[PDB]
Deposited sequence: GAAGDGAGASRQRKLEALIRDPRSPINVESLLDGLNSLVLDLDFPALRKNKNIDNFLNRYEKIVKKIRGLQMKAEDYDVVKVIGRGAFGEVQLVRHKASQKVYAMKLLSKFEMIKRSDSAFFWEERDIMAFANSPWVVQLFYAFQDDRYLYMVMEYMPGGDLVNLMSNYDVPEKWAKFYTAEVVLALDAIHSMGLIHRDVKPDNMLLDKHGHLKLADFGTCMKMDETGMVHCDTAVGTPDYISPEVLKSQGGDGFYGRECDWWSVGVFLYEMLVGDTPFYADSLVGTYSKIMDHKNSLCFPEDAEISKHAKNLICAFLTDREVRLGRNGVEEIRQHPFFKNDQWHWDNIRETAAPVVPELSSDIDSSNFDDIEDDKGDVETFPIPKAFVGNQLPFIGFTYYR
């Protein structure tokens, strides 16, 4: 009778208070309908709790506590908004995820690992999450705002020297090492999910595709997860069932990354997905540099090191072999202190709501149909709420 309390005090546990509240709240949201209320038990339940649940809901953190400055990103499950918290006037980034879409597109569990990583990493490479909350429509995540934009934007606005590539890649390595050391594989590494902070130092951003490893160091996965241009071949083949893979796959991607950075296009680019896949599987005979784009011998090697079968891939036998590859030899920074050194491009920013390093998003509302019997659409999202 003494453990239990600590169970509920524990911020990491699924039956800590906020989750329990999520419970009453999601239960109520999922039972309060005229059709279901024809059931006495459901009716006489709601009469008891419908009131205090509303009150609770008010005391909670809510979307209206924040001003929305501007939408800095948008995708198929929601948006990311620049915001300012009213009472404190502090600026944040806030990710909205449509509960309606997640149910519809049957993809309603990809955020747990994102939650816990951002909540608990306590790492300079992992964008921090301060609060996680929700309402009948969305999930919200309040994050430290990374004002530097992403590496896509940098590469879109720069011909990148190696001196720089050596830096950013280095930082990607340490970042991926942190996640790996937490027992997780990133699975969707790419400049898109690499954000530069106020000083121009990377943090990994989107973790919707993360997965925990075995006591060994592997994942049994039967679905391909990732983004065509950067998917490694071990992960592509896993699709066809019985796939047993590990962290090596992220290093593949770190590979493509550096190619993209230096050469200027992706190393398996195509006019199609089939044309990207089929060519990634032929990585042996398909990877090739332009003569004109003269990348160095050391840089050339690091790429090919990553771009090969998993059994021979740089990183197969530790991160150490990666770190001490000679392409990372330089005067500017050591691996002890890279993130406290003067990054290649420091963001010019006017104010705490300067979002110039992000593109302008357009702006151009769909909710669940009323149920006739109990379907339980809010059940997937119980345990999501989190307070610093």
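Unmodelled regions of the deposited chain sequence (numbering from residue 1, in sequence order): 1-11, 376-378.
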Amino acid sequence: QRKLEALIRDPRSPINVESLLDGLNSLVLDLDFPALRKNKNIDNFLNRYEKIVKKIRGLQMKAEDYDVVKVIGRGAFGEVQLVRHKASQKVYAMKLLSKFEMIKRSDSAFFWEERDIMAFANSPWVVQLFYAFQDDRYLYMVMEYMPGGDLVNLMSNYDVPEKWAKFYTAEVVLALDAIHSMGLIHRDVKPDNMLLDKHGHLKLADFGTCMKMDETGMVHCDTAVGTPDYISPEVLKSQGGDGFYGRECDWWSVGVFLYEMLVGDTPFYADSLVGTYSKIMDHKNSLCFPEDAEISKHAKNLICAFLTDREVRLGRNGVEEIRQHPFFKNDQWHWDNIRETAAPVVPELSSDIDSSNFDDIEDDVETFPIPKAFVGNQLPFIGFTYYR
From here on, numbers count along this sequence of modelled residues.
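Averaged over Cα atoms, the B-factor as recorded in the entry is higher for 350-358 than for the other of 23-31 and 350-358. Just going by the entry, 296-304 versus 194-202 on mean CA temperature factor gives the higher value to 296-304. Of all the options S123, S88, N285, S232, the entry's greatest CA B-factor is assigned to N285. Of the candidates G226, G255, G241, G78, the deposited coordinates give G241 the top C-alpha B factor.
In the deposited entry, the Cα temperature factor of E101 sits in the middle third of values across the chain's modelled residues. In the PDB entry, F45 places in the middle third of its chain by CA B-factor. Among the modelled residues of its chain, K51 has a C-alpha B-factor that falls in the middle third, as given in the PDB entry. When the modelled residues of the chain are ordered by their C-alpha B factor, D265 lands in the highest third. Among the modelled residues of its chain, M218 has a C-alpha B-factor that falls in the middle third according to the deposited record.
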